[PDB]
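Structural description and commentary
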Amino acid sequence: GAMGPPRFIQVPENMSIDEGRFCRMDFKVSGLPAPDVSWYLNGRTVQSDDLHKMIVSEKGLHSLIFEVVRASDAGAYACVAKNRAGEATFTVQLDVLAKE
């Protein structure tokens, strides 16, 4: 039937995580058709990998995971969601608590 752009629903708060733990971020996302999504940190891009996993449910929930976080991963993360009808953009901070 009808379709439309991605929009805001819910974003995570500024996290603070002990060095070497598992952690995750979870962004609710609602647009039709299902948007393409890209990621950033401090003004440059972030690709996915085996420790930096990226998945999105058809139920409208995008997840961004850290298998083993390190002090160099700290900063302002962002992402952008795009479909044929429009664009939306989201931001969060990560304060990685070192153990030196």
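Listed under the method field of the entry is solution NMR.

**Details of the sheet that holds strand β6 (residues 54–57)**
With respect to topology, 3 strands assemble into an open sheet ordered β2-β7-β6, the strand pairing being antiparallel. In this open sheet, the two edge strands, each paired with only one partner strand, are β2 (23–28) and β6. Neighbouring strand axes in the sheet, compared pairwise and without regard to direction, differ in orientation by 20° on average. Note that β6 and strand β7 (residues 61–66) share 4 bridges and pair antiparallel. Paired with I55 across the strands is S63, a residue of β7.

**Considering the environment of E13**
Tracing the chain through its elements places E13 in the loop between β1 (4–7) and β2. What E13 contacts, discounting residues up to four positions off in sequence, is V92 and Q93.

**As for the environment of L61**
Among the structural elements, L61 can be located in strand β7. Between the C-alpha atoms of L61 and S38, which are 23 residues apart in sequence, the distance is 15 Å. Setting aside residues up to four positions removed in sequence, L61 forms contacts with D26, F27, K28, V29, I55 and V56.

**Things to note about the layout of surface pockets**
Taken as a whole, the largest pocket spans an internal volume of roughly 160 Å³. Lining the largest pocket are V29, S30, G31, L32, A34, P35, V37, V56, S57, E58 and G60. Of all the secondary-structure elements, those providing two or more residues to the lining of the largest pocket are β3 (30–32) and β6. In terms of residue count, the dominant contributor to the lining of the largest pocket is β3 (3 residues).

**Quick notes on the pairing of strand β8 (residues 75–83)**
Judged by how many residues are buried, β8 sits mostly within the fold: 7 of 9 residues are covered. Of the strand pairs in this sheet, strand β4 (residues 36–41) and β8 are connected by 6 bridges, and their pairing is antiparallel. In the strand pairing of β8, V37 is matched with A81. For β8 and strand β9 (residues 86–94), the ladder comprises 9 bridges, and the chain directions are antiparallel. Residue pairing across strands places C79 opposite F90, the latter belonging to β9. Counted along the chain from β8 to the antiparallel partner β9, the turn is 2 residues long.

**Thoughts on the pairing of β2**
The two faces of β2 differ: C23, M25 and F27 on one face are buried, but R24, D26 and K28 on the other face are not. Sheet topology places β2 next to β7; 6 bridges connect them, and they run antiparallel. Note on β7: the bridge partner recorded for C23 is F66.

Calculation criteria
Residues numbered from 1 in each chain as written, not as in the entry; some residues may be left out. Heavy atoms only, no water. Pairing = 2+ DSSP bridges. Helix = DSSP H or I, 4+ residues; strand = E, 2+ residues; numbered from the N terminus. Axes fitted to C-alpha atoms, helices over the stretch in contact; angles between N-to-C directions. Contact = heavy atoms within 4.5 Å. 1 Å grid on protein atoms, 1.4 Å probe; cavity = no way out; pocket = protein on both sides within 12 Å on 5 of 7 lines; lining within 4 Å. Points joined across faces, edges and corners; volume = space filled by probe spheres on them. Buried < 20%, exposed > 50% of the residue type's maximum accessible area, 1.4 Å probe, protein only.

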